[PDB]
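What follows is a single chain, given as structure tokens, in the form deposited in one PDB entry.
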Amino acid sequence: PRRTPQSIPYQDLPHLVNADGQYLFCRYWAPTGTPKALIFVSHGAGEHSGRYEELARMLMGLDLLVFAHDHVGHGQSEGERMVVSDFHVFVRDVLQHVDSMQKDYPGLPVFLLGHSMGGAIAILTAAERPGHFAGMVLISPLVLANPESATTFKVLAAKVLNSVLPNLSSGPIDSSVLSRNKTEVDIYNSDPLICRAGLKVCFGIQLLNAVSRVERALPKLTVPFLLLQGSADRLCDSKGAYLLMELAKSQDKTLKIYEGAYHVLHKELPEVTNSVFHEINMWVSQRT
């Protein structure tokens, strides 16, 4: 009997099995009676779906059926931590889950909410099915390569290393760049389902693939979106948000900048977090 990496049997948990035969742990927040819409929540690198409890509960409050899974190599899902054969796996897997929920709740509009890496996944999912999603909520999505990490030198170095030693890694992120809310930083640091290990070279290449794929995908992207971004984000530079606003073809696009705020806007200072929740609430309400 298959168990999570934390040794809980999948038979005890909501789950699905992906096209690669890997078990992904699933999470649902269902309203009473008929939901108005579906929304998938797509987490970032190193994290898991459990970190979207509050957001998901608020959205369920609006009579949406919220669903999520932990990406392969994350959380309670199977796979070597923060490694993937190709970035598209993540997209393929989101689509499988979406397709399943649509089977079960047909005729309902479906939305995507993504943060960071999960934001890139959400963009690529929408690009793969033009015209299909009713909307996208992007919290500081991974949109461009960090300028010094993208130096053709290191990109060459990484590609070379990946064929000889892919399980070399770079530094753990400094967790204090995630949020000015030091309470939230502590929680990040003490969540056993978060992988805080350094970024593996083989994964970095896939993150570089994603950024490239997202940029190819922008001029063909038409889905309505709300984009939220902190001005002081050291992980996804605010410049990427302006690039997104400029390149997307979407007729319905809105950007909010949060002055001074870090990366994890939904776990930022209370004044930023309450704004985030409210804005998402309004934006999804008006489109359901």
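Shifts are known only where both forms have a C-alpha. So that the term is clear: the rigid core is the largest set of C-alpha atoms that superpose within 1.5 Å between two forms. A residue's number is simply how far along the shown sequence it sits, counting from 1.
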Residue gap status of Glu148, at least a third of other entries | yes
Do a third or more of the other compared PDB entries fail to give coordinates for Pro166?
-> yes
Averaged over C-alpha atoms, is the B-factor higher for 246 to 254 or for 57 to 65 in this PDB entry?
-> 57 to 65
Going by the entry, of stretches 67 to 75 and 158 to 166 the one with greater average Cα B-factor is 158 to 166
C-alpha B-factor winner, where the candidates are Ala19, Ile280, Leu16, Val272 | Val272
Identity of residue with top Cα B-factor, from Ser140, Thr183, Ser85, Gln96 = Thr183
Relative C-alpha B-factor of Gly46, binned into the chain's lowest, middle or highest third = lowest
B-factor third for the C-alpha atom of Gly131 within its chain = middle
By the record's CA B-factor, is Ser100 among the lowest, middle or highest third of residues in the chain?
-> middle
Taking the values exactly as deposited, rank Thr152 by C-alpha B-factor within its chain and report the matching third: lowest, middle or highest.
-> highest
Ranked by Cα temperature factor within the chain, is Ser116 in the lowest third, the middle third or the highest third?
-> lowest
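One more form of this protein should be noted, the form deposited in another entry, which is absent from this view; the next part is about it.
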Which of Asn146, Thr183, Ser100, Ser212 has its C-alpha displaced by 2 Å or more between the shown form and the other one after core superposition?
-> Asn146
Did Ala127 shift 2 Å or more between the shown form and the other one, C-alpha, core superposed = no
Is the C-alpha displacement of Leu199 equal to or greater than 2 Å between the shown form and the other one once the rigid core has been superposed?
-> no
Fitting the rigid core first, would the Cα of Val155 be found 2 Å or more away between the shown form and the other one?
-> yes
Explain in one word, closer or farther, how the Cα atoms of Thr152 and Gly73 are placed in the other form relative to this form, where the distance changes by 3 Å or more.
-> closer
Out of closer and farther, which fits the Cα atoms of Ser231 and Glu148 in the other form compared with this form, where the change is 3 Å or more?
-> closer
Okay, core lined up, where does the chain shift between the shown form and the other one, counting runs of 3 or more residues with each Cα at least 2 Å away?
-> 145 to 160
